[PDB]
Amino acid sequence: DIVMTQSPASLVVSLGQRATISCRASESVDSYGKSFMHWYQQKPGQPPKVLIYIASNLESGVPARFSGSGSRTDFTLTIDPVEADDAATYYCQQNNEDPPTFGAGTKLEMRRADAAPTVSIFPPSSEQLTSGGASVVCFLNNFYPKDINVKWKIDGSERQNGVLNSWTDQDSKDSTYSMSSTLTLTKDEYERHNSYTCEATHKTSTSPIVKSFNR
């Protein structure tokens, strides 16, 4: 079958800049004088949507800053200028011969100004303790770059484990990221302390943003 190979596998392009994703086929995806290969885009939790079809045609609704070109075995998708809304994965597909095959995708994440994580913290929600349990939660919202690390802390004692981290995907409207961490104590363990804290250490500022609360 025609194997479609995309390149790059991922890239960070800055707002306003241009991104050039390319898709190559092992064998010509040409017939009836056209190239039967299209380009899809897939924002997270969203089925792909066609961006460009038959190599150079633009689907309606797709902005003019998208444009592909190429023939036979070399195809290129160009996005100029990148915009906050283009943070997504792009696929190329051939449908010239069976079985139709897709490419592995090119994840575009775009660069914006660096931003500091607005942090917040939450003590166990009454209900939980009743149910013999207690999870402490810390939110670090709206930051860039994606790299940041947070320390937990209980009565000074750096809490090593029982913590769960989860990051969102870059925001489509402003390019930031966000993460949440969950200290998971037993009511009792939670009972044997008084101060809990999350130390957000991140590039924007040298002093780790600390947030804490009395038990």
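Numbering starts at 1 and runs along the sequence shown.
- The stretch 59-67 shows the higher mean C-alpha B-factor when 35-43 is compared against 59-67 in the entry.
- Higher average CA B factor: 146-154, of the stretches 146-154 and 168-176.
- The entry lists C-alpha B-factors for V13, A25, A200, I21, and the highest of these is at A200.
- Per the PDB record, residue ranking by Cα B-factor puts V82 in the lowest third of the chain.
- For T130, the recorded CA temperature factor ranks within the highest third of the chain's modelled residues.
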